[PDB]
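Going left to right, the sequence shown walks through residues 696 to 992, 1010 to 1015 as the authors' numbering numbers them.
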Amino acid sequence: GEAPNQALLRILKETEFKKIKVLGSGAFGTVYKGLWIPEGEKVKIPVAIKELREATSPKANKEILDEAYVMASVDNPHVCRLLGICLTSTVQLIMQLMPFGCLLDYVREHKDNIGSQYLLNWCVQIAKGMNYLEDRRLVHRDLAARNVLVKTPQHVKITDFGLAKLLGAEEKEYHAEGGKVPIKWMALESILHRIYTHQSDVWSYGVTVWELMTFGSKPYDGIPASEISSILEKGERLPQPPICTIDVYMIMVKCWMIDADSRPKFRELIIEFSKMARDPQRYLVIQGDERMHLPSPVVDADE
Ligand SMILES: CCN1CCN(Cc2ccc(-c3cc4c(N[C@H](C)c5ccccc5)ncnc4[nH]3)cc2)CC1
């Protein structure tokens, strides 16, 4: 927070890249698969483009540049970096394509080949990623398996900071307006009085790992997203995943404590899951573990 920032925001024109096919749709704009041939050099790097819907206000235009600022400013193996930005009436955000799609989709598909070593590695990485975002005063606000993308099955990264918010010199929290938010992923305070801290994200981490440990299940399925805070204040919580060791669930439980200050800290979570990563079959019990693959550990980017 004192060194020269020096990030390179590459600005690009809409001729440099063409959209091949759509990946995500929604009122939260459209996101396409495309190719980016930078002006000159004869390379076609495959990218993701997010062409979010037309801005409707100058206030809600200034925030777009903001999402671009940070996404462009971060530098971590497990966090996605903004590759370029295209400033047309409709702003477009260009980013290195993660070809395998999101983790939530990946776990559902290969939900039969995924073994314990992989699951625990993913937890670790996601926490390495978030801890990073913490050492930058950054508050994700939307951690879910849908927002964790797969570069390669052995390497995942966090993405989509549509809601990300920097913290000023003396600031221990963030208060929001009234946009859209995924109640089933939020800490009780977030649902109560729109508060967002790093600890609020930790609760999201837990729901995310829960999502993974259950191979894609919908959290609190069938239960309408209106009375979540009741059951939550009542003390209910997502059930222990069948394959899940008490040792692991107990971490997910600590993550969902009404008291923000009793939830783990990403710093701790890393070391904990890292420890668990060694000797994984002790912490996750999945039929067929002895079988599942391990990670022995036209032109892509990185150029
Ligand atoms: C049976 C599985 N099926 C086909 C394979 N995938 C499809 C898929 C592939 C890639 C992606 C993908 C999205 C994405 C992505 N999207 C995020 C929201 C984004 C962030 C900033 C700018 C643009 C996009 N960013 C980077 N790489 C990405 N890759 C999404 C879905 C899962 C669905």
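Just so you know, even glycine gets a beta-carbon here, dropped at the ideal spot from N, CA and C.
Under 7 angstroms: does the beta carbon of residue i sit that close to some heavy atom of ligand 1?
i      : result
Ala755 : no
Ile744 : yes
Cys818 : no
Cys797 : yes
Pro741 : no
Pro848 : no
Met987 : no
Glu709 : no
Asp770 : no
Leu782 : no
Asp855 : yes
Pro877 : no
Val802 : no
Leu760 : no
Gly729 : no
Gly719 : yes
Comparing C-alpha positions only, which one of the options sits nearest to residue i?
i            : options                        : result
residue 1002 : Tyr869, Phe961, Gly863, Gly874 : Since the model of the chain includes 992 and then 1010 but nothing between them, residue 1002 has no atomic positions to report.
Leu778       : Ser720, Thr725, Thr710, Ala702 : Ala702
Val845       : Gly735, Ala743, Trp898         : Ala743
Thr854       : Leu862, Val843, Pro848, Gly863 : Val843
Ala859       : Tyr764, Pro919, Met790         : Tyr764
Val943       : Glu967, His835, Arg832         : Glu967
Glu928       : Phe856, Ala882, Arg841         : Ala882
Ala871       : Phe910, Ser885, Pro877, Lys852 : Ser885
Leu933       : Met908, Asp956, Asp954, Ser921 : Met908
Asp1014      : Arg958, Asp770, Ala750, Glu709 : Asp770
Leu833       : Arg841, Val774, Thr783, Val786 : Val774
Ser957       : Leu707, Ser895, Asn700, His888 : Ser895
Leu964       : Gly824, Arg748, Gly857, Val738 : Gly824
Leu798       : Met987, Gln791, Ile789, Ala839 : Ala839
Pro990       : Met971, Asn816, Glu711, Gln982 : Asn816
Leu788       : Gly863, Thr847, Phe712         : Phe712
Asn826       : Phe910, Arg973, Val897, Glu906 : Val897
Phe856       : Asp954, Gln976, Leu760         : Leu760
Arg986       : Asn756, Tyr978, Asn808         : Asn808
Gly724       : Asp954, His893, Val786         : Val786
residue 995  : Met971, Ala864, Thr710         : A break in the chain separates 992 from 1010, and the residue in question, residue 995, sits inside that break with no coordinates.
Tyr869       : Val851, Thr892, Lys852         : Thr892
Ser784       : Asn756, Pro733, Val876         : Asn756
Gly930       : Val980, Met952, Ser899         : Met952
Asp830       : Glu734, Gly696, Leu979         : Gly696
In the DSSP assignment, what residue or residues form a beta bridge with residue i?
i      : result
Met881 : Its beta-bridge partners do not exist; DSSP assigns none.
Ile853 : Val774, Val843
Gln894 : Answer is none; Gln894 lacks a bridge partner.
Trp731 : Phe712, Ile740
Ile789 : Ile744, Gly779
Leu979 : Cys939
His988 : Answer by DSSP bridge pairing: none, since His988 is not bridged.
If you draw a straight line from the alpha carbon of residue i to that of residue j, how long is it in whole angstroms?
i      : j       : result
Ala698 : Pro936  : 45 angstroms
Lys949 : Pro959  : 7 angstroms
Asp916 : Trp880  : 13 angstroms
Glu736 : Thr940  : 52 angstroms
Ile780 : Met766  : 10 angstroms
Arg705 : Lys716  : 23 angstroms
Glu758 : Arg836  : 15 angstroms
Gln849 : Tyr813  : 7 angstroms
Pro914 : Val738  : 43 angstroms
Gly729 : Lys708  : 14 angstroms
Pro772 : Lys754  : 32 angstroms
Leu792 : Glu906  : 23 angstroms
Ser720 : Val726  : 6 angstroms
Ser925 : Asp1012 : 48 angstroms
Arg748 : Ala722  : 7 angstroms
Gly810 : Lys970  : 17 angstroms
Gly874 : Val802  : 29 angstroms
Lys852 : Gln820  : 8 angstroms
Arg977 : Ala864  : 43 angstroms
Please tell me whether, using a cut-off of 7 angstroms, the distance from the CB of residue i to the nearest non-hydrogen atom of ligand 3 is below it.
i      : result
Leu833 : In terms of ligand content, the structure shown lacks ligand 3 and carries ligand 1 instead.
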